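> An experimental structure, sequence included, is below.
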Amino acid sequence: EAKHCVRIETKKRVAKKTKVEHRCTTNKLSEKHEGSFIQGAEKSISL
Amino acid sequence: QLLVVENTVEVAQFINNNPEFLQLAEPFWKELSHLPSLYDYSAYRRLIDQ
């Protein structure tokens, strides 16, 4: 999980101007692995 | 993968006599009696084919 988020606000008075901005981002990754291997051999020799 | 290889022997062996005491089968002997007494390979080839 990764998040980056910023909020900015400005007001100026002299005339009055204001700007406010909010920006946010979220990033997530999940990976799951599984593996199974089995091997077997038989030899039988009879006389 | 399976491999099975199996043998039964029930006649442990036969041992045929040497050629001096073997008896030829009458058809085979009759074929030998018609062999051309010379190298006519066609004839001996037919015999070996049989």
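Received, thanks. Residues are numbered from 1 along each chain as shown, chains lettered A, B, ... in the order given.
> For residue B:27, grab phi and psi.
Main-chain dihedrals, residue B:27, degrees, to the nearest 10: phi -60, psi -40.
> actually residue A:23, not the one I wrote
phi -130, psi 140.
> Who are the contact partners of it?
A:5, A:6, A:7 (CB atoms under 8 Å, 6 or more residues apart in numbering or on different chains). All C-beta spots, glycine's among them, are computed from the backbone N, C-alpha and C.
> how about 6 Å then?
Shown in contact with residue A:23 (CB atoms under 6 Å, 6 or more residues apart in numbering or on different chains): residue A:6.
> Show me what it bridges to in the sheet.
residue A:6 (DSSP bridges).
> now swap in the one 4 residues further on and tell me
Applying DSSP bridges to residue A:27 yields these beta-bridge partners: residue A:2.
> ok, residue B:4 - how many residues close by?
Look at residue B:4: counted by other CB atoms under 10 Å in any protein chain shown, it has 5 neighbours.
> Check the gap between it and residue A:46 for me.
Using CB to CB, to the nearest Å, residue B:4 is found at 11 Å from residue A:46.
> Next: residue B:35.
49 Å.
> who has more neighbours, the two?
Neighbours were tallied for residue B:35 and for residue A:46 using other CB under 10 Å; the higher tally belongs to residue B:35 (12 against 4).
> Leaving out chain neighbours, which residue sits closest to the more buried one?
residue B:43 (5.8 Å; CB to CB, 6 or more residues apart in numbering or on different chains).
> my read is the one you found is in a strand, agree?
No. Applying DSSP: H, G, I helix; E, B strand; the rest coil, one finds residue B:43 to be helix, outside a strand.
> That one is in contact with residue B:36, isn't it?
Yes. Under the criterion of CB atoms under 6 Å, residue B:43 makes contact with residue B:36 at 5.2 Å.
> quick one, which of these two is more surrounded?
Neighbour comparison, residue B:43 and residue B:36: the larger count goes to residue B:43, with 15 against 10 (by other CB under 10 Å).
> now that one: how far from residue A:4?
Between residue B:43 and residue A:4 the computed distance is 101 Å (CB to CB).
> How about residue A:25?
5 Å.
> Secondary structure element holding residue A:20?
Following DSSP states H and E, one finds residue A:20 within strand A:16-27.
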